[PDB]
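Report on the structure given below.
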Ligand SMILES: C[C@@H]1C[C@H](C)CN(c2ccc(C(=O)Nc3ccccc3C(=O)O)cc2Oc2ccccc2)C1
Ligand SMILES: C[C@@H]1C[C@H](C)CN(c2ccc(C(=O)Nc3ccccc3C(=O)O)cc2Oc2ccccc2)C1
């Protein structure tokens, strides 16, 4: 048994629900326009929780659902770009919160590709035969990284976390993968810059630290490069469902045409969550499993496709 | 060929050299006292470079040394807790800087255990058979995370980066490993907190963001837990050299006694670098290889042991 397998899914978002109506007041825009530009109706925003707290509940819920003991966890991987501290890692805060004393843990930084990247990691870890049980969680609190006056980005993001319980299976589930990156375009999407202000620094680098994005640029990138990445693993005839990063539904609309894969196969759920970055795919996954669209153990050929800052992007082809 | 192997080593530190004499003036302490408390005589501090720049030179040097093409790199892993941005990752900035268009990349957050953790990752990646050539670099610019007035921590850290070229070998090199963590003590060593100041935040969390450490606490932790972790892989009779995280030489003095492993086997090099966090082990490694203490391809049984914020710690047993 050295084949990684997603046994359980689970998600957790802040209770505070922020509708477009509240954002139209905060800012000076119309809820109607916020809705048509984003494809979002409402989103959750933390009021007292930080990334680790959201990830903590996900882990806690995964443990209760599966009936697993925190002591049976061998490793905890968290995909995030909005961690409480640089040190400790969010994965370590969760490891301590749930008491997974026998698990080692760390965070992975790959922007909105983070969950897919982390999932690829867990597969490698389990393949080695050294580890069998892990928790892979994607979580963010981007609401603390936004300029809530600029209505061309703030209205786009939601907070939340979701993950899965991974355990060693007898038969393969993770069939193929293709992880990629292009740092030659890293300026297209950035956040979290830290100014060096030691008495030794001589540069004049300044950066608000709030998210910055070249919409058209990354939109075009997704359509061209993600489409090619997806087509390197499947074709319409060999895939049942595709769970892409929930950045913008129109990206999905166009990718389905580009790749010639049936549009109803691409699941989406931005309406109530907005763009939850690394958490987008596992939140979508938990919902699709929860309502019976996706069925664990059914052998449905599913592709998970993330893409984001880096630039980063990658897909995983699995049989649920 | 699916056995990870360290083929090349390389290091890079800022040219700006800061001696204890300059720090005694800056602060109001004696160089003599800074020396006896830290075991450091001088350290490098960035004046214009950021973590990615240091890691960039390491990658660039590794590529030139080995004669490899940036296009032959399959993956780039960077261990850091002081990245330029949360997004993009430092690994992505390096991937773009050196033109490793065929490599996917991401950063790993495991504090001063980061390099060991990243190395464990690369081993898993190569084991899978999907990837053969990678660059694993540990780099930090902690000088931007310190309060240069508090002489109980600032005098401790240096800037720098170092890494290795990893490629698929025919015979095993990575013999064993034991990665661990304890998030129940994460408050003992923290840095980089990000305050949430969205119009929705109701908490009153505040944190300077500069490094905070409970010296005695983590010192005791290292002596007890790292000693046990090391003894789970070797005994004096089965190890030739041990490269531990360069946090404090006295930790090594005591660990050698605790574990009963010959003291001359633990290599150290804080004098000219200070504590370079994640970069400490690969800098030490490159130096020991450079001067002939350690010999690649000689089959010397070597243990790499990192420990740091998280809490995190772990060792790798290899035959060079
Ligand atoms: C609030 C604004 C409203 C506008 C209409 C859409 N915005 C946009 C929202 C999302 C994207 C986009 O491509 N996003 C992404 C692409 C790759 C990886 C990650 C993302 C991410 O949003 O996290 C791009 C946007 O801007 C354009 C889309 C098409 C053509 C030109 C720009 C969000
Ligand atoms: C500048 C100060 C000078 C004092 C004398 C030593 N400081 C200290 C320097 C380092 C440590 C220490 O244990 N460090 C660590 C332990 C585990 C993982 C990482 C570190 C790290 O420094 O990065 C602890 C220190 O403080 C004590 C050591 C022994 C007993 C009580 C406190 C640094």
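We're sticking with Swiss-Prot numbering for chain B, so the shown stretch reads 2-321, in order.
Quick check of the header: X-ray crystallography, 2.5 Å.
Cβ atoms here come from the backbone N, Cα and C positions, even for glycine.
Per Swiss-Prot, these features apply:
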- B:113: active site (ACT_SITE)
- B:246: active site (ACT_SITE)
- B:247-251: region 'ACP-binding' (REGION)
- B:276: active site (ACT_SITE)
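Tertiary neighbourhood of the region 'ACP-binding' (B:247-251): same-chain residues 39-40, 113, 219-220, 223, 269-271, 274, 276-277, 281-282, 284-285, 308-309, selected by CB-CB distance under 8 Å and a gap of 6+ residues from either end. Between residue B:246 (active site) and residue B:113 (active site), the C-alpha separation comes to 7 Å.
Applying an 8 A CB threshold to same-chain residues 6+ apart, the list for residue B:113 (active site) reads B:246, B:248, B:278, B:279, B:281, B:307, B:308, B:309, B:310, B:313.
Least crowded of the active-site residues (B:246, B:276), judged by neighbouring Cβ atoms within 10 Å of its own Cβ: B:276. Secondary structure from DSSP puts residue B:113 (active site) in a helix.
Per DSSP, the secondary structure of the region 'ACP-binding' (B:247-251) breaks down as 2 helix, 0 strand, 3 coil. DSSP classifies residue B:276 (active site) as strand under the three-state reduction.
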